[PDB]
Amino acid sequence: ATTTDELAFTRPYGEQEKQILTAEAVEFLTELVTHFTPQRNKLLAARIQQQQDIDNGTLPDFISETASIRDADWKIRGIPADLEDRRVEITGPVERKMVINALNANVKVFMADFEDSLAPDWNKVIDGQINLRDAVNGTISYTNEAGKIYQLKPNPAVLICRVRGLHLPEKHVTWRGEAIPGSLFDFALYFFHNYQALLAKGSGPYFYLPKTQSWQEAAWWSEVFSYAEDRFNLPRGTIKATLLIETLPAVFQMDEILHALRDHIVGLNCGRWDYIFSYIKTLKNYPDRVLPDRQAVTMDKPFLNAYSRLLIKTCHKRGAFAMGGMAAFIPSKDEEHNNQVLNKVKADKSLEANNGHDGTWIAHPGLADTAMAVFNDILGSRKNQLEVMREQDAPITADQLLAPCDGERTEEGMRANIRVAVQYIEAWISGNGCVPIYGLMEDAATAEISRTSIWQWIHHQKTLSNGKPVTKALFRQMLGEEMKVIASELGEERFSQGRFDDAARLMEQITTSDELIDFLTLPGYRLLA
């Protein structure tokens, strides 16, 4: 085999690729890939070894050797001015119109997403980079079929780019015959095309990093960032990252993650769906760790509240932000439904603010004013809650973080999981990873917890609360039944115009396999061009 330090490209070099994959951009991307891919692959291999040790009966806990880091005083390098107030952030797709609408929402920050809310078609990743570049440059515009123009308002929200996670390939660009890391593709191009303009306007190249499992993974990101900074003669810490704590292994390494990424990190986030998905994957072989209906596994449950409290305390100890979770409701024409939704949003955001979270997430601009009002009210004149140390809290232990919550495993819950996951998958395979389903803007994590919970119940041969043993055969029976429900809900036209048979097949494949696959996006990505 050759010792090449060059990349190969599988798609035609058309007008879009000519904009984004310029000679200079490709040179830089090549350098990152050859310098950092081997270590990235070693990190993926380390994941396997760590998981095996957990499977083999040793539960995760804090790291003994790094005690001196945790029990020392130190803080992150710093937070730039435009990241000191992040009380509400909106998330969404890198599609052109959606970028404009999000930047125009009444929020502090827009996280443009190449990750869970994107089905990573080549055209969509390339268009996404085009869109974000136009957004940074302030020229982004869109005119719809009806002739209505969309443009940026004055003072749009601060832009942050969420990259694909460490496990994901970008199959259309290869090094030594293997797909390069999507993480490097997404990071390299957003940074390269935008760092100059961002810095010139008083902002900076900002990233969201998903699905981290270890401090060593944080260290690798720090090296990537430092490499990028050095290459363009930027001072250390110019690139700023916010890092989701949304895997079980990561909750035991928050302080080490902050330390490893100290030059660049500005905050951590709580999640729900990815976290409990990870809980099940991590504890997959443990008969005493079966979670009930994921619908009932709410953030106020003891293990999730402990997670929340530990994350806030840890972040504030180090001067980093501690971001709360997602309210993904989509307002409807039903004002009564809307009142109930807004009451729920108010209750949930108030819980987060009262706990000390510096900010929170929404998926739809229609929730901005409500979420903002909760945080405005509780913050008073403060920009954030960095001073809230939670020093009154008792220590938080591994036992507490690992304790499965009370609840029932219900047939209604199982059926709903099937309907939501199938409809999510149908859209994803059709190129849409940000999917309105039953009044919620769903991303891949929802499909993940849905399939993973069912897998868990099958694996450990658990009964539903009505006494029915959960089996592959029961699942398959229910799948067929729920497909008919979906058909009735959507109507014959939409159902026939869709990819529901292909979606049901992928669902069955990922749910009924003996081995619990890590991510549905891996087999799913095979279905994309």
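Residue numbers here begin at 1 and follow the sequence given.
Here the stretch with the larger average CA B-factor, out of 415-423 and 299-307, is 415-423. Higher average CA B factor: 133-141, of the stretches 80-88 and 133-141.
Looking only at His193, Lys313, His264, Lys124, the residue with the top Cα B factor in the deposited structure is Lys124.
Residue set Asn56, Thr37, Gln50, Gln497: peak C-alpha B-factor at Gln497 (per PDB entry). In this PDB entry, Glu27 carries a Cα temperature factor that places it within the middle third of its chain's modelled residues.
Among the modelled residues of its chain, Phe329 has a C-alpha B-factor that falls in the highest third according to the deposited record. The deposited CA B-factor of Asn104 belongs to the middle third of values across its chain. When the modelled residues of the chain are ordered by C-alpha B-factor, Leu244 sits in the lowest third. Ranked by C-alpha B-factor against the other modelled residues of its chain, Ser214 falls in the lowest third.
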